[PDB]
Structure formats: structure tokens, C-alpha cells
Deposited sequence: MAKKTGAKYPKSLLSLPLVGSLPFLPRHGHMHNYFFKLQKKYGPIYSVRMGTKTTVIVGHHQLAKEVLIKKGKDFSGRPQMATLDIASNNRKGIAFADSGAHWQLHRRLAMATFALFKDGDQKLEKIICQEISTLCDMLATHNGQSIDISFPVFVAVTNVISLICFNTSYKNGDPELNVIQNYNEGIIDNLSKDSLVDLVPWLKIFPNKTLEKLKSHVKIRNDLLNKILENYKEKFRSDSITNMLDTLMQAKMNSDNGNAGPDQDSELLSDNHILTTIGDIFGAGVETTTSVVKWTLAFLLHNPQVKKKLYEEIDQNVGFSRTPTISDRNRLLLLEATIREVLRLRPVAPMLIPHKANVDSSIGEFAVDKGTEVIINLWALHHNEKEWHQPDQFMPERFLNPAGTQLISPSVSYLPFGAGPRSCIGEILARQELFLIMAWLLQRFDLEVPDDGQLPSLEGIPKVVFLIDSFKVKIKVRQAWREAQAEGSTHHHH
């Protein structure tokens, strides 16, 4: 079993119509195969674009590849590799990941917290009846409150200016955080603001100052006899020790990861989903029929309705396939000498899963470039199915998403409540939203407007 050297690609030329980096590397697989590497100075990066090899990296050898590479921008955002998402493997990451996951067991109620913020969201949108608006902000408020309650048992009231403070440093960090090491090899894709690094520090300081103020004030509120939220879980763990792993700054960075991920991922997917529905009125009408028939207008949707709003479930699965939140996940790193397929991978090598490539494998999916929720239903439309093994929207293995349950609950309920109450149409001017996307740390959609109107079937 002597392993082979990885294919090494010496240069990455400009190629027309290749779009974003994840599609560019995907298309290069036709010439170099499903796994190949590039070198920058002393650092080697391997890109993996087939599900079998990806599952080896993520699952079968998940521990070998559970590291995270060091990057200047990621260092800034994670306060030098604290927190969860950008923390290297080891004792700090394992502890804070375990505690974050333990916190979600205290909400088994999650549906109730979410529905309360969605009702406020719908009330706010109904006030704009007849207008064409960007719904980013209202949705941002609802999911921000959900995660604030999970983290602190606090919620913001409509109009609180802190919501705008958070939205603006969120946008500022995301716009200046580059997680793609290879960008310098494909300079025509390196798109960042003028003074990127200082602007990133500027916005991160704002975030760190606000969270530290919350955490410091929370020391006065914490009691060991009531552990109901994430900061409680972290503070109790410090007391009950490990104690060096739970520094104030470690706790602050972990809270920051959850606070940011809990808002920017789900808000993005909601916007993507609505955009796809504006481009596919046929699907939208079938979603209205499904909800009117299985829920009606007597009551509001609940999580139990996931068993009967099957096309809605399929639509979300299809958005997560076609515009993945993380089309190249978060970069991995080999913690030890290891292997992928028949190839040797040295300790320290950066390993990137091209999830875009998995989600557009023409041999594992039928017409992968088009929005077809029905691929996740049987022919009758009566049961959800998994048509492909090349589908990993939340990752897998040791570094898999820890917010999946929350995300799926938020996405289902938000969409269901919105479809029950509102007609969602293209604006008066013809403008449809661009589906091209903006490949930042989250795969964002260009801002767009939607004509929203209370459905008159919802008259009473």
C-alpha cells in the first residue's frame, strides 16, 4: 500500500465562463481529476471534488483532517483561532464545540422561540403591504432575536438601534474576511474593499466590544442554579473544572461564532429561497396549494407540519444543494500524515472540499444546474427521498455543522409562515434577483426587492 503523490497543478490560468472559484476548480476536474493540489511558497493545498473522497476526508478519516489552517484574516475574526469554526483541532475546540452542542439540548422549546419571532416578522412585513422591499432586515431581526435568546435569554425590541449596529459590523466583517487561501492564484476573483485588513479589524473591534460588554454585564446575572442558555453553559463549565480553556476571551469568541453563524447563514438561505421562488412561479404556486391544503388558515404552521409540507421541505433541500451556504465548506487541515484515495497527504496540508462540485456532479444528479425541488420527492410527490449520496449541505464528521437542527427549524417555519400569509411577487419594474451570488465566507445573494402583499385567502 505505497501511496501516490498528489497531482500538482503549477499554475491556474484565466478561463472564460468559469465564474466563482468553486466552479472554476470544479471545471478543472475534467483535466486533473477529482483531487489535485496547488502550492504557494511552502504551503500545499489539496482540493477534493468527489463525494467518495470527500467522505474519506470528512468521515472515515475525519479526525486526521479535523484541523483548520491558519490565516491572517481568520486570526483577526476568531481572536487568534479561538471559538469553534476557525479554531484548530485540539482541547480548546473540542471543549467549546461540545458545550455549544450541549446547549441546544436545553431547547427541546426551540419551536416556540422561533414562532414568536416569526409572528413579529410577519406583522412587520404586513405593514409594508403593497410595497416592494428588501426583506433582509426584518428577517435578520427575527433570527438575531432567536440566537440572542439561545445565547443570553435576551431579545431586542423593534427599533432597538443595536440591531443596526450588529447588521453593519456583520456586513463589514463578512465583506473583509477572506477564507480562500488560493485567491491570490486567481487574482481576477480576488474582490475585496480598499483597506480590507484595517476595515476588518475595525468591525471586529466593534463586535468584540459589544459582546464583552454583554458578557461582563452577565457576570452580575449568572447563577449556577439556572443553566438555560449558552453563556450559562460556558460559565458553569469554567466554574466546574479546563479552566484555562474557558478564558473570558475564549468564551467571548465562542459566543461570537454562534451569534454570527446563527444569523448570517439562515438569513442568507431565506433570501436565496425567496429569490428562487420569484424565478419559478410554478413551484411557488404548488407550495401555496400544499400549505393551504394541509395547514389552512385556522392556525399557524408548526414543526409537526414538516411531515406534510413535503414540497416545502424539498425546496429547502434544493436551495441548500444549488446554492450551498458554504460551497467549499470551511478549509480543513491534515493533523498527521494521512491519505485521500490512493494519494499521500502530508501533515499540515490544507484540504478543501469542493461541495459545489459534489452538488453538481452530473453523474450523481439529474440536470444539476437547475432548480428542481421535486428531485427530493418520489414520483407521486408523496414522500421525501435522498436521490444522491453526493449531498452534504451541513458537512459531515468531526467538523460538521452544529447548528443544523436550529437552521432547519428556522428555515421551515419562516418559509411556511411567509407562504401562508403573503403573496410574494416580482416588483412593478421587471427586475428579478440575480442568482449569481457573492462567494464570501457565506455564499450570499445580491440584495433584491420583493413585492409583498397579504394574501386575501388569508382574509380570515
| property | result |
| --- | --- |
| Unmodelled intervals of the deposited chain, in order | 1 to 10, 119 to 122, 256 to 264, 484 to 494 |
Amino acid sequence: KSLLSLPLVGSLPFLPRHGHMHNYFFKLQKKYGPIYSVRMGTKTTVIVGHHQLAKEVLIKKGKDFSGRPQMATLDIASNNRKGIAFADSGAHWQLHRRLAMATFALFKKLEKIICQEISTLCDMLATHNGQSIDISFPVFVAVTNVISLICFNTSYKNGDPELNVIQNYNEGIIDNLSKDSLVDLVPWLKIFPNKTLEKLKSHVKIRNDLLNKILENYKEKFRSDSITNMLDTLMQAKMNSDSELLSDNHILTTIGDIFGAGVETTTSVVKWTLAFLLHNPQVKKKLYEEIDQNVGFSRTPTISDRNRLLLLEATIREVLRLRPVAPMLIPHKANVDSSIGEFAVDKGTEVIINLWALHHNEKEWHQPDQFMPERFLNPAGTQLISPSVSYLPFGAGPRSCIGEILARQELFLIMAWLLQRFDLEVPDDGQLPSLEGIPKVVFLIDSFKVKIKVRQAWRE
From here on, numbers count along this sequence of modelled residues.
| item | value |
| --- | --- |
| Segment of higher mean CA temperature factor, 296 to 304 or 76 to 84 | 296 to 304 |
| Higher-B stretch (mean Cα B-factor, as the entry records it), 228 to 236 or 375 to 383 | 375 to 383 |
| Residue selected from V336, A275, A105, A91 by maximal Cα B factor | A105 |
| Which of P193, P327, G341, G262 ranks first by CA B-factor in the deposited coordinates | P193 |
| Chain thirds of CA B-factor: placement of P13 | highest |
| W417 by Cα B-factor - lowest, middle or highest third of the modelled chain | middle |
| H20 - Cα temperature factor, lowest/middle/highest third of chain | middle |
| Chain third (lowest, middle, highest) by recorded CA B-factor, residue given as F152 | middle |
| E216 - Cα temperature factor, lowest/middle/highest third of chain | middle |
